[PDB]
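Beneath this line is the structure, given in structure tokens, with notes to follow.
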Amino acid sequence: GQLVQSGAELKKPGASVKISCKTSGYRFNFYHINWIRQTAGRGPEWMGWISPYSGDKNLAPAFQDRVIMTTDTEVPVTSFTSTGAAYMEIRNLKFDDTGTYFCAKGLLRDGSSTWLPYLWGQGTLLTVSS
Amino acid sequence: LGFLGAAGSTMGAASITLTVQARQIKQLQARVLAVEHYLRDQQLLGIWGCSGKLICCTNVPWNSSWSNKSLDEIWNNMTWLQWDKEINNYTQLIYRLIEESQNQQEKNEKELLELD
Amino acid sequence: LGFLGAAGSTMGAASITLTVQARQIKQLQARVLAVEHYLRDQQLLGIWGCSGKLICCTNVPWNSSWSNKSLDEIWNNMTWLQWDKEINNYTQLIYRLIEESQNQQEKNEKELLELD
Amino acid sequence: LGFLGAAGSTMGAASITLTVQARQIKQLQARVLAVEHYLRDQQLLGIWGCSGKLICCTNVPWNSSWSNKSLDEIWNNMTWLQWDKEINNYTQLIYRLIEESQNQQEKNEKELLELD
Amino acid sequence: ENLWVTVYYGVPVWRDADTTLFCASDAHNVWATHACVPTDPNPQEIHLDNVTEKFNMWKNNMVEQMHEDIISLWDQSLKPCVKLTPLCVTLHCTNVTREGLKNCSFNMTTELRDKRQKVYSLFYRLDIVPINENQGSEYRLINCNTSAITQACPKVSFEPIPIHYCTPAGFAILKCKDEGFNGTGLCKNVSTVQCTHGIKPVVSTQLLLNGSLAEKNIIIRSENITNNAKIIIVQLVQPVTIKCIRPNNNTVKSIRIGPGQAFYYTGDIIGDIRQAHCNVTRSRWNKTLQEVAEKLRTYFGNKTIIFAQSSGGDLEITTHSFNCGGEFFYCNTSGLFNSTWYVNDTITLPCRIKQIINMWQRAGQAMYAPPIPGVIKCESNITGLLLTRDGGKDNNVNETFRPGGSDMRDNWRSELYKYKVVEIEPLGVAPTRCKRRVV
Amino acid sequence: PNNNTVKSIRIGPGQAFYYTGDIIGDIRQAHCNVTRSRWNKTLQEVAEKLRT
Ligand SMILES: *[C@@H]1O[C@H](CO)[C@@H](O[C@@H]2O[C@H](CO)[C@@H](O[C@@H]3O[C@H](CO[C@H]4O[C@H](CO[C@H]5O[C@H](CO)[C@@H](O)[C@H](O)[C@@H]5O)[C@@H](O)[C@H](O[C@H]5O[C@H](CO)[C@@H](O)[C@H](O)[C@@H]5O)[C@@H]4O)[C@@H](O)[C@H](O[C@H]4O[C@H](CO)[C@@H](O)[C@H](O)[C@@H]4O[C@H]4O[C@H](CO)[C@@H](O)[C@H](O)[C@@H]4O)[C@@H]3O)[C@H](O)[C@H]2NC(C)=O)[C@H](O)[C@H]1NC(C)=O
Ligand SMILES: *[C@@H]1O[C@H](CO)[C@@H](O[C@@H]2O[C@H](CO)[C@@H](O[C@@H]3O[C@H](CO[C@H]4O[C@H](CO[C@H]5O[C@H](CO)[C@@H](O)[C@H](O)[C@@H]5O)[C@@H](O)[C@H](O[C@H]5O[C@H](CO)[C@@H](O)[C@H](O)[C@@H]5O)[C@@H]4O)[C@@H](O)[C@H](O[C@H]4O[C@H](CO)[C@@H](O)[C@H](O)[C@@H]4O)[C@@H]3O)[C@H](O)[C@H]2NC(C)=O)[C@H](O)[C@H]1NC(C)=O
Ligand SMILES: *[C@@H]1O[C@H](CO)[C@@H](O[C@@H]2O[C@H](CO)[C@@H](O[C@@H]3O[C@H](CO[C@H]4O[C@H](CO)[C@@H](O)[C@H](O)[C@@H]4O)[C@@H](O)[C@H](O[C@H]4O[C@H](CO)[C@@H](O)[C@H](O)[C@@H]4O)[C@@H]3O)[C@H](O)[C@H]2NC(C)=O)[C@H](O)[C@H]1NC(C)=O
Ligand SMILES: *[C@@H]1O[C@H](CO)[C@@H](O[C@@H]2O[C@H](CO)[C@@H](O[C@@H]3O[C@H](CO)[C@@H](O)[C@H](O)[C@@H]3O)[C@H](O)[C@H]2NC(C)=O)[C@H](O)[C@H]1NC(C)=O
Ligand SMILES: *[C@@H]1O[C@H](CO)[C@@H](O[C@@H]2O[C@H](CO)[C@@H](O[C@@H]3O[C@H](CO)[C@@H](O)[C@H](O)[C@@H]3O)[C@H](O)[C@H]2NC(C)=O)[C@H](O)[C@H]1NC(C)=O
Ligand SMILES: *[C@@H]1O[C@H](CO)[C@@H](O[C@@H]2O[C@H](CO)[C@@H](O[C@@H]3O[C@H](CO)[C@@H](O)[C@H](O)[C@@H]3O)[C@H](O)[C@H]2NC(C)=O)[C@H](O)[C@H]1NC(C)=O
Ligand SMILES: *[C@@H]1O[C@H](CO[C@@H]2O[C@@H](C)[C@@H](O)[C@@H](O)[C@@H]2O)[C@@H](O[C@@H]2O[C@H](CO)[C@@H](O)[C@H](O)[C@H]2NC(C)=O)[C@H](O)[C@H]1NC(C)=O
Ligand SMILES: *[C@@H]1O[C@H](CO)[C@@H](O[C@@H]2O[C@H](CO)[C@@H](O)[C@H](O)[C@H]2NC(C)=O)[C@H](O)[C@H]1NC(C)=O
Ligand SMILES: *[C@@H]1O[C@H](CO)[C@@H](O[C@@H]2O[C@H](CO)[C@@H](O)[C@H](O)[C@H]2NC(C)=O)[C@H](O)[C@H]1NC(C)=O
Ligand SMILES: *[C@@H]1O[C@H](CO)[C@@H](O[C@@H]2O[C@H](CO)[C@@H](O)[C@H](O)[C@H]2NC(C)=O)[C@H](O)[C@H]1NC(C)=O
Ligand SMILES: *[C@@H]1O[C@H](CO)[C@@H](O)[C@H](O)[C@H]1NC(C)=O
Ligand SMILES: *[C@@H]1O[C@H](CO)[C@@H](O)[C@H](O)[C@H]1NC(C)=O
Ligand SMILES: *[C@@H]1O[C@H](CO)[C@@H](O)[C@H](O)[C@H]1NC(C)=O
Ligand SMILES: *[C@@H]1O[C@H](CO)[C@@H](O)[C@H](O)[C@H]1NC(C)=O
Ligand SMILES: *[C@@H]1O[C@H](CO)[C@@H](O)[C@H](O)[C@H]1NC(C)=O
Ligand SMILES: *[C@@H]1O[C@H](CO)[C@@H](O)[C@H](O)[C@H]1NC(C)=O
Ligand SMILES: *[C@@H]1O[C@H](CO)[C@@H](O)[C@H](O)[C@H]1NC(C)=O
Ligand SMILES: *[C@@H]1O[C@H](CO)[C@@H](O)[C@H](O)[C@H]1NC(C)=O
């Protein structure tokens, strides 16, 4: 199971950015796709998650007005694995939005821990400059 | 749901539907074959002491070599289709161990009653 | 009394005789058919948890929509033939409810045993 | 040990192996016949109330006229093949008595179900 | 924690399996559908959520069973029917006054063993072969040197009736529901049925008639698209209507061969004699060929797509065979496959009718269809094509395809590609914390 | 020993009949050989058992 993210990109303030998260080695639809931000001044922050199966999403209150999540339809490889990608868009970037962004997938198909970010992508940097 | 509607669901979730699948010249051959198919599995349950039960606990300890997976990894993270493939090479071994354990239990209960 | 000798008797009287009635190329078709009927009925009893018993109590509550009759109106005033006609359209519904109750019961027995 | 490998062993020793033997147009007729033999024995166990058990104790007293041997003389000094020959002419009497004892038990169970 | 083995029954799992399938049908046809189990008035289908399964139409054994059943049913229908062995007799023939027919006369047996009668009849030239004396006046029926000939019973219809295929309890048939599917690889949308949808038996050699239509786009199926040996099955989105006629008004006469037997033949034709033919609307067919070419270009590197007529072989191979009105037609399809498609009225197909046929190409077997009186008209939909690639060429300019296929099984595959047979295995075991209590 | 030449004719549709049309070389009677020394030992031992 592996997650791969879009490479680092430089933006001007107020610009939008789109970050992909390609997946392989597991069924895409079987697990929640989580997004997590890390900034030195804030520590880790939850950006919410999107289900690849129902399309349902849960954005944290901080990001509800600025973050849009969507996913691709999965393309099967084996009867038990598939490929696909999740995308996240961030509107109105600020200098406070800089730092590493991570893609992660849910731990279990069921149970109370199902959405926990068990597997993480390498993460990539977002930079904002005047 | 429906017949095999739970097949893609997790092993724990699927357990609510066990009754759905428990029920259910060439035409004559089809009828005889269906009977042999049914009886094959019922015969095993009768030997195991599990007859009349959808879920039957045994006295056979799990051997970690068959699977090292945690209960969450099995019950909340797998389909039954995937599980059968994981232990496909151990299924007959497990079946024999259940039979040996049942026969010892039948013997021990007899001896208990002989004493009492 | 003999086989089906209770058929004209009341349901309550008939319940005594169930023990008696539980018993008992074209020949090949007859033999296959006889087996299918035996197993069809036993398959339902096994799923219901009623296997091995002539009389089996369940946890399914009676729906007054199936019948508004009192127990006396049923057991002391009806033949089983009359009764089957009254619930002929509800019988399959009742069967499914029994099956669901059995599966919930065994799931609960499992969870209880996990605590030992 | 393998199928019927216990046949020359003492009855007590053989009792540990019961599950080994519990397992297992001409072709079609043969398949139907094999099913009938399996079910024939299962019906007898159901009639006796012994269904689902490899060893089933009954309420029928041993009748000394069938054999005057002590338990040690039977269980440790004989094979099952020898034992069947010794009482071969009484097996029908035994089977009938078991059925009669079960009939009395079922009548008692019926009363208990109504009481509680 | 100490885990223990727990037994589950009714577990929703399956494995691939081959089992005897039996026919079912909606409540004398050659397929003996009266023998079949009545269909459920309200058939069930269960969608399987989160199930992806591998299908392979080229390894599918439902096809093998269907083929054996189609042959077996065909043979059963001929067992009570009249044998024509006495008809293998020297024939004396002259022109009817078209070339397709000869007026033949011969001595045939009667109800009484010691008596003989002279019979005049018309035969199609295809059923007639010259006798090695080579006088040009003496002929024999074409299969007298290879097989016994049996007359089909006149009471038996050859009209297709949909046949549902059902599996025994404890087994199930999976169906692929994907909007487009090659018949191979993984199917995302899978559902379970006890029986297939009804499938009509259809016999054809180049075009598939009255089959299922593609929902959105033309689907091209092959075990190996790059291997010219493999037969390409093309499923069309929209049908192309083909209409067929036999303009000749045949008068059918019957003469006894012997006790309990009768022979049916055309004794006369009323009105002029004209060749049988089938037409396909040109505009609709042209649109179909273009769309097929557009799809083929996606597999072949955008090489120019060329269609061509079959290079040769038997009439059964080079022409489009089908059963129309009980008559067996063979049509020249070169009118349909003459186009070239660059990346940038009606078509009339001549036909011939043959009374002696060998549908399954079995040695030692043959059937004589009795003639059907009057003018015969048919209508059917072309719903798919059988194509082969013309290989052995390294050309990068263009690519060539020709109609036809190696086997009748290729027809059955066009309907069964979406179906798979699996065995249901209700037992399974898994670890739990639960331990059995002992008295 | 005979080298038979087999010829065939058609009886009727779907049928054929096979027969010897000729014999190549000399015509000789068919025969079998059983080794005498092996056979003698064999019957001697059989006789020893019959005597019991
Ligand atoms: C095919 O495969 C897929 C993928 O494997 C399978 O889907 C997976 O199915 C499991 C089991 O159902 C799901 O796990 C469950 O997830 C829920 C949590 O999800 C909830 O929160 C969402 C939040 O998002 C917004 O909405 C909330 C509303 O409050 C807002 O606050 C937020 O801000 C957001 O706006 C919410 O959207 C969800 O509701 C929607 O989605 C669900 C999805 O399942 C739908 O049903 C709803 O109708 C609706 O569309 C939802 O509320 C957990 O709560 C579950 O844990 C409970 O249930 C478990 C069942 O096994 C149980 O074991 C747990 O202990 C726990 O039960 C507890 O809570 C219960 C509440 O009723 C109590 O009754 C109970 O006693 C106990 O207290 C569970 O973890 C997976 O998420 C899902 N995966 C994905 C990616 O969707 C699918 O099932 C397969 N199909 C088949 C046929 O097999
Ligand atoms: C076919 O259908 C018929 C009609 O439905 C059915 O007959 C009914 O059977 C039920 C029992 O199943 C009867 O109900 C009971 O009657 C008990 C006896 O009261 C009187 O009748 C006695 C004889 O009845 C038996 O024999 C006759 C033939 O003789 C037969 O028809 C009956 O069915 C039954 O088998 C009789 O001995 C008794 O004697 C009194 O009157 C005489 C008059 O001379 C007097 O001398 C005596 O001293 C005494 O006063 C009396 O005449 C009754 O006891 C019983 O109630 C007890 O038992 C029930 C059940 O355990 C308990 O719940 C209850 O609390 C009491 O302990 C009950 O009332 C019903 O009366 C029959 N109906 C008719 C019209 O006769 C047949 O059985 C059906 N056949 C089959 C095979 O199913
Ligand atoms: C084919 O037939 C033969 C002959 O019947 C069977 O061989 C017998 O097998 C049984 C079961 O194993 C034997 O029963 C046991 O024998 C033991 C013999 O003692 C051993 O140790 C002493 C020294 O202490 C040696 O001298 C002796 O040779 C042995 O090595 C007994 O000790 C056993 O007693 C214990 O177990 C029994 C049963 O549980 C208890 O009741 C006792 O109290 C005690 O705990 C026991 O008696 C029997 O002896 C064998 N017979 C012979 C002549 O060797 C084959 O088993 C049989 N094959 C099959 C497949 O059935
Ligand atoms: C295949 O195509 C041919 C040609 O289109 C169809 O034949 C056509 O049939 C019609 C109706 O019979 C003919 O009309 C008639 O024409 C004659 C004169 O030729 C006239 O005297 C009649 O009164 C009538 O108008 C038409 O001529 C004829 N065309 C030709 C060229 O012969 C045929 O029906 C087609 N087959 C199918 C299955 O559609
Ligand atoms: C093909 O050939 C057959 C003959 O082999 C033709 O059938 C014959 O058709 C004529 C009419 O053209 C029939 O005569 C009519 O019979 C009706 C009966 O109701 C009567 O009302 C009319 O006044 C007239 O007498 C004749 O009976 C019939 N023969 C048979 C055996 O049915 C047929 O018409 C030809 N088909 C075509 C398309 O020409
Ligand atoms: C179906 O109809 C077409 C059109 O009438 C027939 O086409 C003709 O087919 C013959 C072969 O059967 C061709 O003869 C060949 O010509 C080539 C040279 O072009 C030569 O190399 C071959 O040895 C042979 O002589 C003929 O040219 C062709 N006619 C046209 C106009 O293309 C076709 O035969 C019919 N099919 C059947 C099965 O009757
Ligand atoms: C949940 O399961 C995944 C995948 O495990 C496999 O797929 C499951 C659906 C089930 O079929 C298992 O039996 C399979 O083994 C787990 O992800 C795997 O984690 C391991 C260890 O890091 C990694 O090597 C694998 O590559 C991952 N996936 C695959 C396809 O290899 C996941 O950890 C499980 N979650 C748990 C146990 O909480
Ligand atoms: C599908 O078709 C291609 C083309 O025929 C096959 O490729 C050939 O494979 C053999 C293997 O020995 C090579 O020697 C040939 O050179 C290949 N041909 C070409 C043109 O590359 C391929 O094997 C086929 N696949 C299957 C599964 O049969
Ligand atoms: C295949 O196409 C060729 C043309 O490429 C057809 O030959 C033509 O026939 C028509 C009608 O007689 C003539 O008007 C054309 O001039 C011919 N073309 C050439 C190049 O001679 C041929 O008839 C077509 N085949 C079929 C089966 O339709
Ligand atoms: C498909 O392409 C081949 C190869 O170009 C064509 O065959 C050639 O035809 C031209 C006609 O001028 C000749 O000059 C070439 O020498 C031929 N090539 C070979 C290898 O013989 C073929 O005619 C084309 N098909 C169609 C329908 O146009
Ligand atoms: C566990 O399973 C392995 C593989 O079958 C086997 O070698 C080992 O002996 C087993 N352990 C026990 C205690 O049975
Ligand atoms: C009784 O039956 C009706 C009609 O099916 C149903 O709506 C109702 O819920 C049932 N009552 C109970 C207690 O099940
Ligand atoms: C024991 O069996 C004998 C022979 O069948 C019989 O005569 C005797 O009555 C039986 N004893 C008992 C108590 O049944
Ligand atoms: C045990 O049974 C055998 C076989 O009948 C017999 O030969 C032997 O003497 C018996 N042993 C005893 C102690 O009776
Ligand atoms: C009939 O046609 C054949 C060729 O098919 C010809 O050989 C024969 O001479 C013709 N008969 C007459 C009378 O023209
Ligand atoms: C049908 O296709 C041919 C080329 O194969 C073309 O010449 C003709 O114009 C087409 N007919 C119509 C009506 O488009
Ligand atoms: C053939 O296509 C036409 C299109 O209108 C349709 O009406 C007809 O039902 C189709 N025939 C068959 C057998 O599907
Ligand atoms: C075989 O036995 C016969 C007597 O029966 C004897 O004459 C002959 O020599 C024996 N052959 C050999 C090879 O010993």
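Numbering starts fresh at 1 for the residues of each chain in the structure tokens, the chains themselves are lettered A, B, ... in the order given, and ligands are numbered from 1 as they appear.
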
| query | When DSSP works through the backbone of this structure, what residues of chain D end up as alpha helix (DSSP H), shown as JSON, numbers by chain? | reply | {"D": [11, 12, 13, 14, 18, 19, 20, 21, 22, 26, 27, 28, 29, 30, 31, 32, 33, 34, 35, 36, 37, 38, 39, 40, 41, 42, 43, 44, 45, 46, 47, 48, 71, 72, 73, 74, 75, 80, 81, 82, 83, 84, 85, 86, 91, 92, 93, 94, 95, 96, 97, 98, 99, 100, 101, 102, 103, 104, 105, 106, 107, 108, 109, 110, 111, 112, 113, 114, 115]}

How about saving the chosen residues, C-alpha atoms kept, as a short mmCIF file (atom, residue, chain, number, x, y, z; two decimals), in the first residue's frame?
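Dumped everything to part30.cif:
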data_model
loop_
_atom_site.label_atom_id
_atom_site.label_comp_id
_atom_site.auth_asym_id
_atom_site.auth_seq_id
_atom_site.Cartn_x
_atom_site.Cartn_y
_atom_site.Cartn_z
CA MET D 11 -13.91 -51.32 21.54
CA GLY D 12 -12.56 -48.89 24.10
CA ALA D 13 -9.58 -48.01 21.91
CA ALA D 14 -11.79 -47.76 18.82
CA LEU D 18 -15.17 -42.48 15.59
CA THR D 19 -14.80 -39.30 13.54
CA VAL D 20 -12.51 -41.07 11.08
CA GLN D 21 -15.33 -43.33 9.93
CA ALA D 22 -18.00 -40.67 10.35
CA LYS D 26 -25.37 -46.49 -12.61
CA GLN D 27 -23.35 -43.56 -11.31
CA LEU D 28 -26.47 -41.54 -10.57
CA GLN D 29 -28.15 -44.42 -8.79
CA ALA D 30 -25.01 -45.04 -6.75
CA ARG D 31 -24.92 -41.41 -5.66
CA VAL D 32 -28.53 -41.51 -4.54
CA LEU D 33 -27.94 -44.77 -2.70
CA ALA D 34 -24.96 -43.35 -0.82
CA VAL D 35 -27.15 -40.47 0.32
CA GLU D 36 -29.92 -42.79 1.47
CA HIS D 37 -27.53 -44.78 3.64
CA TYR D 38 -26.18 -41.63 5.24
CA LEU D 39 -29.66 -40.33 5.94
CA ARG D 40 -30.93 -43.71 7.11
CA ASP D 41 -28.53 -43.61 10.03
CA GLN D 42 -29.15 -39.93 10.71
CA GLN D 43 -32.89 -40.52 10.87
CA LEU D 44 -32.33 -43.20 13.48
CA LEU D 45 -30.28 -40.81 15.56
CA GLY D 46 -33.01 -38.18 15.23
CA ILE D 47 -35.61 -40.75 16.31
CA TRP D 48 -33.45 -41.69 19.29
CA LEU D 71 -17.84 -53.98 31.02
CA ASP D 72 -14.18 -54.99 31.14
CA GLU D 73 -15.03 -58.13 29.17
CA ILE D 74 -16.74 -55.98 26.55
CA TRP D 75 -14.71 -52.79 26.31
CA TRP D 80 -16.57 -53.95 17.68
CA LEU D 81 -16.76 -56.59 14.95
CA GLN D 82 -16.94 -59.35 17.53
CA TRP D 83 -19.44 -57.42 19.60
CA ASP D 84 -21.84 -56.90 16.72
CA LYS D 85 -21.84 -60.62 16.07
CA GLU D 86 -22.56 -61.46 19.72
CA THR D 91 -30.15 -55.13 17.64
CA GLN D 92 -33.72 -54.61 16.51
CA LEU D 93 -34.98 -55.03 20.06
CA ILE D 94 -32.52 -52.46 21.29
CA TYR D 95 -33.42 -49.93 18.62
CA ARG D 96 -37.12 -50.25 19.38
CA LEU D 97 -36.56 -49.76 23.10
CA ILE D 98 -34.52 -46.62 22.50
CA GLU D 99 -37.34 -45.18 20.43
CA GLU D 100 -39.88 -46.00 23.14
CA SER D 101 -37.75 -44.29 25.77
CA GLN D 102 -37.49 -41.19 23.60
CA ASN D 103 -41.25 -41.10 23.17
CA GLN D 104 -41.71 -40.91 26.92
CA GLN D 105 -39.10 -38.17 27.17
CA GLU D 106 -40.86 -36.08 24.54
CA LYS D 107 -44.15 -36.32 26.40
CA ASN D 108 -42.41 -35.08 29.53
CA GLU D 109 -40.68 -32.27 27.65
CA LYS D 110 -44.01 -31.09 26.29
CA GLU D 111 -45.38 -30.65 29.80
CA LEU D 112 -42.25 -28.78 30.85
CA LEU D 113 -42.51 -26.35 27.94
CA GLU D 114 -45.99 -25.28 29.04
CA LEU D 115 -44.93 -25.00 32.70
#

| said: Residues of chain A within 8 Å of chain E, counting only C-alpha atoms - could you list those as JSON, numbers by chain? | reply: {"A": [76, 77, 78, 79, 80]}

| task | Show which residues sit within 9 Å of range 3-19 of chain F, as number ranges by chain. Count only C-alpha atoms, and ignore same-chain residues fewer than 2 positions away. | result | E: 85, 88, 143-149, 363-365; F: 1, 21-27

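Minimum distance to ligand 1 across B:58, B:51, B:3, B:79 (counting only C-alpha atoms and all ligand atoms) occurs at B:79.
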
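For the pair CA of residue 53 in chain B and CA of residue 49 in chain C, the interatomic distance is 6.4 Å.
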
| message | Show me which residues line ligand 12, defined as having an atom within 10 Å of a ligand atom where only C-alpha atoms and all ligand atoms count, and present them as a list in words. | response | residues 60, 61, 62, 63, 64, 65, 66, 67, 90, 93, 94 and 97 of chain C

| request: With a distance cut-off of 10 Å and only C-alpha atoms, select the neighbouring residues of range 398-407 of chain E, excluding the residue or stretch itself and same-chain residues fewer than 6 positions from it, and output the selection as a PyMOL selection string. | output: chain E and resi 204-207+228-233+296-297+300-311+316-320+333-334+336-338+340-342+360-361+385-391

| At most 10 Å from ligand 4 (only C-alpha atoms and all ligand atoms): residue list as a ChimeraX atom specification | /E:242-247,276-281,345-350,377-379

With the cut-off set at 8 Å and counting only C-alpha atoms and all ligand atoms, tabulate each residue of chain E with an atom at most that distance from an atom of ligand 15, showing the nearest atom pair and its distance in Å to one decimal, ordered by chain and increasing number, as CSV.
residue,atom,partner,partner_atom_place_in_ligand_line,distance
E:94,CA,ligand 15,1 (C),6.3
E:95,CA,ligand 15,1 (C),4.8
E:99,CA,ligand 15,5 (O),5.8
E:136,CA,ligand 15,7 (O),7.2

For those residues, write N, CA, C and O atoms to a file as a PDB file, in the first residue's frame.
ATOM      1  N   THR E  94     -32.689 -32.433 -65.967  1.00  0.00           N
ATOM      2  CA  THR E  94     -32.648 -31.421 -67.022  1.00  0.00           C
ATOM      3  C   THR E  94     -32.899 -30.035 -66.422  1.00  0.00           C
ATOM      4  O   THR E  94     -33.326 -29.924 -65.277  1.00  0.00           O
ATOM      5  N   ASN E  95     -32.645 -28.978 -67.189  1.00  0.00           N
ATOM      6  CA  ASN E  95     -32.910 -27.622 -66.713  1.00  0.00           C
ATOM      7  C   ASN E  95     -34.404 -27.373 -66.572  1.00  0.00           C
ATOM      8  O   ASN E  95     -35.200 -27.865 -67.370  1.00  0.00           O
ATOM      9  N   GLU E  99     -30.246 -21.371 -63.415  1.00  0.00           N
ATOM     10  CA  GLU E  99     -29.186 -22.367 -63.261  1.00  0.00           C
ATOM     11  C   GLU E  99     -29.176 -23.018 -61.878  1.00  0.00           C
ATOM     12  O   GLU E  99     -28.657 -24.120 -61.705  1.00  0.00           O
ATOM     13  N   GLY E 136     -23.273 -35.964 -67.817  1.00  0.00           N
ATOM     14  CA  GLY E 136     -23.919 -34.676 -67.584  1.00  0.00           C
ATOM     15  C   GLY E 136     -25.426 -34.794 -67.369  1.00  0.00           C
ATOM     16  O   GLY E 136     -26.083 -33.814 -67.014  1.00  0.00           O
TER      17      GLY E 136
END

| said: Let me see if you get this right: every residue at most 10 Å from ligand 18, counting only C-alpha atoms and all ligand atoms, written as a ChimeraX atom specification. | reply: /F:35-41,43-44

| message | Using only C-alpha atoms and a cut-off of 8 Å, which residues of chain E sit close to chain C? Please list them as a PyMOL selection string. | response | chain E and resi 432-436

| said: Taking only C-alpha atoms and all ligand atoms into account, list the residues no farther than 6 Å from ligand 16, as a PyMOL selection string. | reply: chain E and resi 282-283+286+339
